[PDB]
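Asks: My questions will all concern the structure given below.
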Amino acid sequence: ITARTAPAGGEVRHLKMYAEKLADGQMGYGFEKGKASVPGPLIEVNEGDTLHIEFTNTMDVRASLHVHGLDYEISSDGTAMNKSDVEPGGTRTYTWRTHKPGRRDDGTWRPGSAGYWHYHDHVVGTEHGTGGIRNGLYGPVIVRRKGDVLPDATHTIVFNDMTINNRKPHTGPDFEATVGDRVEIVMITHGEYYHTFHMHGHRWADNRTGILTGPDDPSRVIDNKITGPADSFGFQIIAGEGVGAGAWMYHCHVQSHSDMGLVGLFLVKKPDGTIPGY
Amino acid sequence: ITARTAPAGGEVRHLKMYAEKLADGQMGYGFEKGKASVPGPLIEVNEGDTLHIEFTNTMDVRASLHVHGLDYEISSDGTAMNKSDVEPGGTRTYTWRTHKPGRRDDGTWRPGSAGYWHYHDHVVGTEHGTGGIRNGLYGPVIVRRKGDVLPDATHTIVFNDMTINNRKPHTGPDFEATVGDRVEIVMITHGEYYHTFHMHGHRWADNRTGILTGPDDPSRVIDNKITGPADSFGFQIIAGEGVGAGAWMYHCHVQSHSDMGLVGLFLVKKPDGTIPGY
Amino acid sequence: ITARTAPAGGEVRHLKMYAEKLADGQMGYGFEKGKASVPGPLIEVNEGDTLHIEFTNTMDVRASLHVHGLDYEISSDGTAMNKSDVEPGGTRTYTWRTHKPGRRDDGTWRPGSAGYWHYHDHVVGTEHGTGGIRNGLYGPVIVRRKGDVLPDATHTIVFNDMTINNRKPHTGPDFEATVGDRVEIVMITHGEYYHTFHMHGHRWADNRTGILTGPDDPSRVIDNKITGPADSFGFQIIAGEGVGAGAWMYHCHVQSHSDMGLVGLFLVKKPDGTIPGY
Ligand SMILES: [Cu+2]
Ligand SMILES: [Cu+2]
Ligand SMILES: [Cu+2]
Ligand SMILES: [Cu+2]
Ligand SMILES: [Cu+2]
Ligand SMILES: [Cu+2]
Ligand SMILES: [Cu+2]
Ligand SMILES: [Cu+2]
Ligand SMILES: [Cu+2]
Ligand SMILES: [Cu+2]
Ligand SMILES: [Cu+2]
Ligand SMILES: [Cu+2]
Ligand SMILES: [O-]
Ligand SMILES: [O-]
Ligand SMILES: [O-]
């Protein structure tokens, strides 16, 4: 492999995070006060890393941080039941741990933490974060395994109820790339409804990484994946591989969803920066 | 492997089953008159076993037994069309067969019967058992392959429309375990609606067993799975592995579903029987 | 393997297709004027083949051809945005390409085009073909990999909203086979709703081909699969394997869907042409 690959993990990382009410009434996570985003900032670690997150809730209501897939003690559950939420103006240190796969004492295989995961609130609105998730308190988490292929760029697409990344319908978001770029997509679904994520002119493997192991990987190759609330998957593609440059549509394939504007553009540019037709 | 493993099948097993109307208007299967349950009793066999079920319908309406995955002749279809239902007060002997995987005469690979399956009624209410399934006429079936890891306990979680195991919302059910227990979950969905099964602090493999074959198994590791009517899957987890004891929530992640009480507790106790915080 | 297997691809194939308004108001694809069908004709190629489709839109509204999975340039996108639709009475030549899997220059594995895909309209009614898909402008595409097992017959089952193959509910369609036949099913879903495809007495692998690679294939074996709009999968079964002849039901397992008539019959006949009971 002549491409960049993820190293071995084991580092102890520290992070500061805030929950902010936005001017339009939404709620977002951020690494800096005044720089929150919906979806929240991407967190990327390696198998074996430990992450300490000093989380500060700047809003006037209780908020929390809850993560999927990664190892965390009950004190970092992010739920009101386990007293793991954060009071208004408060600060709490969450700890997320990751581990590598390996054989157990009984001989069974313990799975690793690697995967395309996500984090979100769990106490805003209801005891399951229905209000916080609706307001935009969600973000992606990537846990890499040693040797995983590293992309050129990563984009996060969240189907939150009837929006993409809490945006107004018919407003994208759109992304750009050049023919040959290794583009990574993190695909998260939240809210009430099922969806189907579809991409024109591109396909991926329905497995952990979206890439086939090799000639023996039996995982199916798809361009349409059904998703429900709290589903998260990801993949890597070569922009324009075997199809060339163009304005390549991605959208939900539930007919009324795409009709109502749950559509975006994957703009794959020629080496001279042009998109065929435009 | 120093853990208990499933032996080779081939035994001819006999079983007696009843369909009972319950005092509250529900309908349940049972191995003994007056001891019906919703969900019905678990049936567990090994690949190659044959199961003869003497089924007695004690109710005042026609009922039947229909199974997924296992081998059965058209006489054991459990449908009115094939005259395989049971009249009120009647008794009928169903036969379920299982087989091991192997190579066919043409060289192709024939799949085995192993998996996490389920049984349910097919004639109460409608010709597809809509009334019987709603009333609680469903239960799990496990078919083990030789060498499959055996658990310490098995729990069945059924998303039947807007209930868990036909229970009133906000009433669980809850389960208990100790840190280190090998807990098996059988997850069945019935009715009208899609769902997403989610577990806090625990994850499994999205394959036949929920366990990874080894370092080569490309199956994805998840903690959130979308399900539809008649879907059935299962997995095994080590209670508290890498996360410790605590009141670990399992729930549907469709936001209104968890808000309306489709939540339960996986109580993982410390060696001294305590749950952190309680 | 003593069964028929797919050869190596690489041929350049030519095809003529029409879009026709039908007398009942539906819309169908066809290889001949006056011989359109819903679902449209099956297109079957091998990995490496190139397909040139001379498509003629005979209807009074704009129509197009859009394919999943296969390689196509932006000029064959089939969308109004990319000026790839066809005017009333017009003719346009689409090009679909396929490729074999292989190792990239960076050492990564490029997936092949093989799979169970489908084609449909993208501009009738809305800019996503909501009207054309509803009217019946959809059909299956099979891309075979060298060595793939060839079936005795292929049947296409499309869950288009609340219909099977745009048929009136309670009208099938039904299929026939003989015990031992190698039957292939192409299963496509379109429209607004999720479904679950279920088959009595038969099961398949949830992978690319529906067949297990061998003793090492970890893919799950199922008889119930959830599907959403634009999902496409397929499989092969031996008719009556381990279960014998009979009228074997296939249906959606969403309870109201089967109750409303989204049911069909897989009639597996004895060597003398009889179905047990009839
Ligand atoms: Cu939760
Ligand atoms: Cu959608
Ligand atoms: Cu498409
Ligand atoms: Cu969650
Ligand atoms: Cu049925
Ligand atoms: Cu639910
Ligand atoms: Cu969670
Ligand atoms: Cu069923
Ligand atoms: Cu499209
Ligand atoms: Cu359906
Ligand atoms: Cu069935
Ligand atoms: Cu499409
Ligand atoms: O959650
Ligand atoms: O069924
Ligand atoms: O599409």
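Ligands are numbered from 1 in the order shown, chains are lettered A, B, ... in the order of the structure tokens, and residues start at 1 in each chain.
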Give as an mmCIF file with C-alpha atoms, in the first residue's frame the residues surrounding ligand 10 up to a distance of 8 Å, considering only C-alpha atoms and all ligand atoms.
Replies:
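Once written, selection_7.cif looks like this:
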data_model
loop_
_atom_site.group_PDB
_atom_site.id
_atom_site.type_symbol
_atom_site.label_atom_id
_atom_site.label_comp_id
_atom_site.auth_asym_id
_atom_site.auth_seq_id
_atom_site.Cartn_x
_atom_site.Cartn_y
_atom_site.Cartn_z
ATOM 1 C CA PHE C 159 -42.349 -3.526 -4.234
ATOM 2 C CA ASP C 161 -45.351 1.625 -3.057
ATOM 3 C CA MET C 162 -48.390 -0.529 -2.201
ATOM 4 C CA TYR C 193 -42.553 3.058 2.020
ATOM 5 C CA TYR C 194 -40.295 0.540 3.693
ATOM 6 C CA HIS C 195 -41.100 -3.164 3.383
ATOM 7 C CA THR C 196 -39.856 -6.594 4.427
ATOM 8 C CA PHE C 197 -39.522 -9.296 1.775
ATOM 9 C CA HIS C 251 -45.141 -11.632 0.769
ATOM 10 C CA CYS C 252 -44.281 -8.420 2.527
ATOM 11 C CA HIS C 253 -44.264 -9.063 6.259
ATOM 12 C CA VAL C 254 -45.530 -5.635 7.262
ATOM 13 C CA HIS C 257 -49.213 -4.921 3.596
ATOM 14 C CA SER C 258 -49.792 -8.682 3.494
ATOM 15 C CA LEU C 262 -49.090 -7.801 -1.131
#
Asks: Applying 12 Å and only C-alpha atoms, which residues near residue 73 (chain C) remain after dropping the ones on its own chain fewer than 5 positions away? List them as a PyMOL selection string.
Replies: (chain A and resi 200-202+240-248+268+276) or (chain C and resi 66-67+78-79+82+84+94-98)
Asks: Any idea which chain A residues end up within 7 Å of chain B if we count only C-alpha atoms, as a short mmCIF file (atom, residue, chain, number, x, y, z; two decimals) with N, CA, C and O atoms, in the first residue's frame please?
Replies:
data_model
loop_
_atom_site.label_atom_id
_atom_site.label_comp_id
_atom_site.auth_asym_id
_atom_site.auth_seq_id
_atom_site.Cartn_x
_atom_site.Cartn_y
_atom_site.Cartn_z
N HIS A 68 -21.61 6.71 20.75
CA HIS A 68 -21.87 5.34 20.32
C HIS A 68 -20.55 4.61 20.08
O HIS A 68 -19.55 5.21 19.69
N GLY A 69 -20.57 3.30 20.31
CA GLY A 69 -19.47 2.43 19.90
C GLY A 69 -18.25 2.40 20.80
O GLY A 69 -17.70 1.33 21.05
N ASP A 71 -15.73 2.78 24.14
CA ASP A 71 -15.80 2.35 25.53
C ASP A 71 -15.93 3.56 26.45
O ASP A 71 -15.17 4.53 26.33
N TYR A 72 -16.89 3.50 27.37
CA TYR A 72 -17.06 4.55 28.36
C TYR A 72 -17.69 3.95 29.61
O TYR A 72 -18.54 3.06 29.51
N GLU A 73 -17.27 4.44 30.77
CA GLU A 73 -17.87 4.01 32.02
C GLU A 73 -19.24 4.66 32.19
O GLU A 73 -19.61 5.60 31.48
N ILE A 74 -20.01 4.13 33.15
CA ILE A 74 -21.36 4.63 33.39
C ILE A 74 -21.35 6.10 33.79
O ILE A 74 -22.34 6.80 33.58
N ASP A 106 -10.94 -16.97 27.02
CA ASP A 106 -11.68 -18.15 26.61
C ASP A 106 -11.45 -18.53 25.15
O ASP A 106 -12.08 -19.47 24.67
N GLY A 107 -10.58 -17.81 24.44
CA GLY A 107 -10.31 -18.09 23.05
C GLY A 107 -11.19 -17.35 22.07
O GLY A 107 -10.91 -17.39 20.86
N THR A 108 -12.24 -16.68 22.53
CA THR A 108 -13.11 -15.93 21.64
C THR A 108 -12.45 -14.62 21.22
O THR A 108 -11.53 -14.11 21.87
N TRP A 109 -12.93 -14.08 20.11
CA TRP A 109 -12.36 -12.87 19.52
C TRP A 109 -13.13 -11.65 20.01
O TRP A 109 -14.34 -11.54 19.79
N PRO A 111 -14.08 -7.86 19.63
CA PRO A 111 -14.03 -6.85 18.57
C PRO A 111 -13.36 -5.57 19.04
O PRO A 111 -13.39 -5.23 20.23
N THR A 126 -36.19 15.83 26.08
CA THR A 126 -36.62 14.62 26.76
C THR A 126 -35.41 13.93 27.35
O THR A 126 -34.26 14.31 27.10
N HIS A 128 -34.14 11.42 26.37
CA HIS A 128 -33.38 10.79 25.29
C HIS A 128 -32.85 11.82 24.30
O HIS A 128 -32.44 11.45 23.19
N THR A 130 -34.30 14.17 22.54
CA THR A 130 -35.08 14.44 21.33
C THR A 130 -35.00 15.91 20.94
O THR A 130 -34.87 16.23 19.75
N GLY A 191 -33.50 11.19 14.42
CA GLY A 191 -34.86 11.69 14.46
C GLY A 191 -35.96 10.65 14.45
O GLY A 191 -35.94 9.70 15.24
N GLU A 192 -36.92 10.81 13.54
CA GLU A 192 -38.14 10.02 13.54
C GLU A 192 -38.28 9.06 12.37
O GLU A 192 -39.02 8.08 12.49
N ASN A 207 -19.78 -2.60 4.60
CA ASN A 207 -19.05 -3.20 5.71
C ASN A 207 -18.56 -2.08 6.62
O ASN A 207 -19.04 -0.94 6.55
N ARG A 208 -17.59 -2.39 7.48
CA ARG A 208 -17.14 -1.42 8.48
C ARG A 208 -16.50 -0.20 7.83
O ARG A 208 -16.77 0.94 8.23
N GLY A 228 -31.92 4.23 9.70
CA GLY A 228 -32.87 4.66 10.69
C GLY A 228 -32.20 5.52 11.74
O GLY A 228 -30.98 5.69 11.74
N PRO A 229 -33.00 6.07 12.66
CA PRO A 229 -32.44 6.96 13.69
C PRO A 229 -31.31 6.30 14.47
O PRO A 229 -31.44 5.16 14.95
N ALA A 230 -30.20 7.03 14.60
CA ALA A 230 -28.94 6.67 15.27
C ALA A 230 -28.10 5.68 14.48
O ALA A 230 -27.10 5.18 15.01
N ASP A 231 -28.45 5.37 13.24
CA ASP A 231 -27.56 4.60 12.39
C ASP A 231 -26.37 5.46 11.97
O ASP A 231 -26.51 6.66 11.72
#
Asks: DSSP on the backbone, then: every residue of region 29-88 of chain A marked strand (DSSP E), written as a list in words.
Replies: residues 29, 30, 43, 44, 45, 46, 50, 51, 52, 53, 54, 55, 56, 57, 66 and 67 of chain A
Asks: As a ChimeraX atom specification, list the residues of region 29-263 of chain B assigned to alpha helix (DSSP H) by DSSP on the backbone atoms of this structure.
Replies: /B:130-135,255-259
